[PDB]
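Taking it in order: structure first as structure tokens, then the write-up.
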Amino acid sequence: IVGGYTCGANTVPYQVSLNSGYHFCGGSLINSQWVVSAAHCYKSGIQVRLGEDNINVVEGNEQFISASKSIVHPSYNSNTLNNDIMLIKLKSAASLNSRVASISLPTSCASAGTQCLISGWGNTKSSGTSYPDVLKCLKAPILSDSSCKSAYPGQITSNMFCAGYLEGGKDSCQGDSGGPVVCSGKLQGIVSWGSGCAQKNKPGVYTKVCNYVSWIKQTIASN
Ligand SMILES: [Ca+2]
Ligand SMILES: [Cl-]
Ligand SMILES: [Zn+2]
Ligand SMILES: [Zn+2]
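Residue numbers for the sequence shown, in the deposited numbering: 16 to 34, 37 to 67, 69 to 125, 127 to 130, 132 to 183, 184A, 184 to 187, 188A, 188 to 204, 209 to 217, 219 to 220, 221A, 221 to 245.
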């Protein structure tokens, strides 16, 4: 995340780190047994780490559980990143406490202008590589579709929305993929792609979760 701040140890209690020997993506806990992340984060051999603050230091409040299965959205297109969402089931249930909590799924989509909180352990430099070890946060509004589509012509579908600042300066960045975008207490987005990080007129693009609630609910209930 670039132009963001240190959230604080466990202040985004629904934030997860996907690890396959190292941290490679973020995710959101939706209930004791399931995590939602980006389909482009699909890997075989995932370990989910909950209650994480510093990914390189075991400070006692962590839970490391292996994934029992992964379900990529049936219509995921790796070329356009359209329908970039995946569900991960935990082999054992997470013990929910003050530091490990689930986030709610939306009942309706959020309007442009709404302020959201984007978090993760990604790169913090636009022009440079600096990978932080503690969680970073960024408060950013949802942009109108018009400004999102002018920045990426022919690339935005109805399953994506942009958030950030057009001036640039603030944005999600690689590493952060699969992480949450929460607005008014609901998980409204998943970090999906962007043009580099924090550039001017290049906001981040997020998977629009409100369009997949029935698929999420139906799939978790059947698996
Ligand atoms: Ca840790
Ligand atoms: Cl992340
Ligand atoms: Zn990351
Ligand atoms: Zn990515």
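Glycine included, each C-beta is placed from N, C-alpha and C at the ideal position.
Give me the residue from the options with the minimum Cα distance to residue i.
i, options, result
"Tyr20", "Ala55, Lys224, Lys188", "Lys188"
"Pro161", "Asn143, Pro225, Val53, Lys107", "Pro225"
"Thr26", "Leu137, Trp51, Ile106", "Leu137"
"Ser84", "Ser93, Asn245, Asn97, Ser61", "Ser61"
"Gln192", "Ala243, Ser110, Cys220, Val200", "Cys220"
"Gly23", "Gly133, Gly69, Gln135", "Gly69"
"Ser167", "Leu185, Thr149, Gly78", "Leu185"
"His40", "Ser130, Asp194, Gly18", "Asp194"
"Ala111", "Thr144, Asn143, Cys58, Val65", "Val65"
"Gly216", "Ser146, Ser93, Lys159", "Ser146"
"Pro198", "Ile176, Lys156, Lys109, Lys107", "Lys156"
"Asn115", "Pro92, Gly148, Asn79, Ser127", "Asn79"
"residue 246", "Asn100, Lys107, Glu77", "The first residue shown for the chain is 16 and the last is 245, placing residue 246 beyond what the model contains."
"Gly187", "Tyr172, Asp165, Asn223, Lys159", "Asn223"
"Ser202", "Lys87, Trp141, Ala132, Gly174", "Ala132"
"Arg117", "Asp153, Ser150, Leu99, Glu77", "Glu77"
"residue 9", "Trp141, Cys128, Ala243", "Because residue 9 is not part of the residues shown, which for the chain are 16 to 245, the question remains open."
"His91", "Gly38, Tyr59, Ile121", "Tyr59"
"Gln240", "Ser122, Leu105, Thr149, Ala129", "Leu105"
Considering only residues of the same chain and omitting the five flanking positions on each side of residue i, which have a CB-CB separation below 8 Å?
i, result
"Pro124", "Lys204, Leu209, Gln210, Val231, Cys232, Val235"
"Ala119", "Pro28, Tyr29, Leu46"
"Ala183", "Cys136, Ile138, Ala160, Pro161, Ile162, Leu163, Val199, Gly211, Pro225, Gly226, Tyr228"
"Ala171", "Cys182, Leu185, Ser217, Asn223, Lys224, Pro225"
Got a sec? Which residues, its chain only, sit under 7 Å from residue i by beta carbon, not counting five neighbours each side?
i, result
"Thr229", "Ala55, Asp102, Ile103, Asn179, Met180, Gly211, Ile212, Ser214"
"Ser113", "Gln81"
"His57", "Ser96, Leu99, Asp102, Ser195"
State the DSSP-derived secondary structure class of residue i, mapped to helix, strand or coil.
i, result
"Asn143", "coil"
"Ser214", "strand"
"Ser116", "coil"
"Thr241", "helix"
"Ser170", "helix"
"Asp165", "helix"
"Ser236", "helix"
"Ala56", "helix"
"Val76", "coil"
"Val27", "coil"
Kindly list the residues whose CB is nearer than 6 Å to the CB of residue i, restricted to its own chain and excluding five residues on each side of it in sequence; keep chain order.
i, result
"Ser96", "none"
"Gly44", "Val31, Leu33, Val52, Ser54, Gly196"
"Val17", "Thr144, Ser146, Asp189, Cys191, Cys220, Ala221A"
"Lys169", "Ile176"
"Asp153", "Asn72, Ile73, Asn74"
So, does the segment 42-50 touch the segment 72-82, judging by three or more C-beta pairs under 8 Å? no
Considering only residues of the segment 79-103, which uninterrupted beta strand (DSSP E) runs meet the minimum length of 3 residues and lie entirely inside it, listed in chain order? 81-90
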